[PDB]
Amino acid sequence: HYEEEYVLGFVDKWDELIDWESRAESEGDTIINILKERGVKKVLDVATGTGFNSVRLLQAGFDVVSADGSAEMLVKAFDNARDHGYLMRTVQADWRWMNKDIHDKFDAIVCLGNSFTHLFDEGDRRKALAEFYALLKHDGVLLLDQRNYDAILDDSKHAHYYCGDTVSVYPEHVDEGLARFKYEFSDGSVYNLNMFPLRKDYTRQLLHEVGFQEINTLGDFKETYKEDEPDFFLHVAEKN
């Protein structure tokens, strides 16, 4: 399908122009510190994409399993990990039936980079979250992030820049059921992507409803030109 090829061209452009060193600088050590404070050892990355989170976790000394629905993403991830000197452990798996080919439990799951937003159906969202919940040990934790869509839905119509001015993200269309963003890179490349605009409190409610006992949502200012509102939220959901 063209949609797969389209997104694959997008992540290629992302990796081409945005240095992982730069990105690791920008992103804090916050997520690594959060996991370390919990004595986390086994981590499942369910949204590996081209591997940045996974490689960051492997470099930090965690045991990581790197899952993704896309076999093509996983190939890019494995080779990126290899280039940074790490053996990735890859598994192709759909969020809606994660325990199909993953037969262990984890101290933590990470679903980062605004990934969960790609589900357009509520039944799918519940399913994905229940699967994640079952893959966690009793005292395990889910780290799940998302863009701040609340800021857009209530006001906000301007570009957001990342890694300096290397890429800008502009909301072309946003209603309660659909956000379409234009991504423009420094070399002229333009990509347009659809996602579901999760309200902060709606994600929190979903996590609560599938069984998560305690949820802390952090504001995360990732963009180059900071505003009063964070452009991202990070949900820290404890199974207990």
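Residue numbers run from 1 along the displayed sequence. Between two forms, the rigid core is the largest collection of C-alphas that superpose within 1.5 Å.
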| item | value |
| --- | --- |
| Outlying stretch relative to shown form, 25-33 versus 199-207 in 5 other deposited structures of this protein, C-alpha RMS (core) | 25-33 |
| Core-fitted comparison in 5 other deposited structures of this protein, 113-121 vs 156-164, farther C-alphas | 156-164 |
| Unmodelled deposited residues flanked by residue 104 on one side and residue 105 on the other | none |
| Stretch exceeding the other in mean C-alpha B-factor - 105-113, 92-100 | 92-100 |
| Mean C-alpha temperature factor, higher of 47-55 and 198-206 | 198-206 |
| Largest Cα B-factor, entry values, listed residues 72, 79, 139, 145 | 139 |
| Candidate set 172, 176, 184, 68 [ranked by C-alpha B-factor, highest] | 176 |
| Entry-reported Cα temperature factor of residue 32, expressed as the chain third it lands in | highest |
| Modelled-residue ranking by C-alpha temperature factor, third containing residue 42 | middle |
| Third of the chain, ranked by Cα B-factor, where residue 23 sits | highest |
| Chain-relative CA temperature factor third for residue 215 | highest |
| Chain-relative CA temperature factor third for residue 130 | middle |
